[PDB]
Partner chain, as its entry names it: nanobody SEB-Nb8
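A single chain, nothing else alongside it, follows as structure tokens in the form solved without the partner chain.
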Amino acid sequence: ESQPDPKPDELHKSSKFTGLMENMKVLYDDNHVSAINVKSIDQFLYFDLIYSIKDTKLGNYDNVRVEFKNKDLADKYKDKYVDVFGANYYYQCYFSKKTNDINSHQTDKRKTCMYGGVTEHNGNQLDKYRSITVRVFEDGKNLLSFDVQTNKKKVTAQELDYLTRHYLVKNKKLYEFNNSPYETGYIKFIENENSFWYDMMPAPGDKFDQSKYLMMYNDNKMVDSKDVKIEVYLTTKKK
């Protein structure tokens, strides 16, 4: 485990955020992007890829913009059958406008954006999900453990993160409309020597930036499902 742990004063305090926690809840509520064996159909900027992913429930989106850290990543998956899974946003999302004679555009009707969340489909599949155990701690005590599943040998930290946080919002009320019963909290993935963590709470302020928050996912960090272990440490809002 090496990525300097969070020192208690490092983490964001939910109390210090005074603006609709619902904007944070939604990214991890039931909805999300998920498609398997899709290939990019267009591009907007040199660091993104446009996918034809259909919102098979509420019909909210017809196309999806996956944005990356750099051209490399984008190039690595251009015209490659991949699986997609990630938390999407809309409010600050925009792309293409229409296939122009200048701008490399596409997309007719309903858009949504997301960062990373791409893995090769071909040869990264399992018949029989694998189980990653999540050990949540509350003020130091391992007072809960649940299983997250995946049929990918190489799974993105984003998928595991959404999976974990999704369960906590349901069962522990991690994120509520205007609040959170928690003061701090963070998710830590452990592979071997490797370990990194994400901050689950929004930065101080009267508002939250979905786009800027989700952007940390743009490195498309991957991990081995047969090696990870997830741990959440949540401190309680001084009751």
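Between two forms, the rigid core is the largest collection of C-alphas that superpose within 1.5 Å. Residues that one form lacks are left out of the comparison. Positions refer to the first chain, counted from 1.
- The records show that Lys80 is included in the coordinate set of every other eligible entry of this protein, so it is not omitted in a third of them.
- For the cut-off of one third of the other compared entries, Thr150 stays well clear, since all of them model it along with its flanks.
- Higher mean CA temperature factor between 209 to 217 and 39 to 47: 39 to 47, per the PDB entry.
- In this entry, 131 to 139 shows the higher mean Cα temperature factor of the pair 131 to 139 and 157 to 165.
- Ranking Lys170, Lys69, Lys188, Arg65 by Cα temperature factor from the entry places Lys170 first.
- The entry lists a Cα temperature factor for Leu58 that places it in the highest third of the chain's modelled residues.
- In this PDB entry, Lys152 carries a Cα temperature factor that places it within the lowest third of its chain's modelled residues.
- Annotation for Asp199: CA B-factor lies in the lowest third of the chain's modelled residues.
- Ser52: CA B factor lies in the middle third for its chain, per the PDB record.
- In the deposited entry, the Cα temperature factor of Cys93 sits in the middle third of values across the chain's modelled residues.
The form solved in complex with the partner chain is left out here; the points below concern that form.
- Remark: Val38 does not count among the residues lining the partner chain in the entry with it bound, judged by a heavy atom distance of 4.5 Å or less.
- Using a 4.5 angstroms threshold between heavy atoms, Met222 stays clear of the partner chain in the entry with it bound.
- In the entry with it bound, none of the heavy atoms of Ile53 sits within 4.5 Å of a heavy atom of the partner chain.
- In the entry with it bound, the partner chain sits within 4.5 Å of a heavy atom belonging to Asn88.
- Interface residues of 1 to 31, taken as those with a heavy atom within 4.5 Å of the partner chain in the entry with it bound (partner not displayed): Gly19, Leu20, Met21, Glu22, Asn23, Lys25, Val26, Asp29, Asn31, in sequence order.
- Only one entry in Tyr213, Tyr61, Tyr186, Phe44 has its C-alpha moved by 2 angstroms or more between this form and the one not shown when the rigid core is superposed, and that entry is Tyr61.
- Moving regions between this form and the one not shown, defined as 3+ consecutive residues each with a CA shift of at least 2 Å after core superposition, lie at 54 to 61, 177 to 180.
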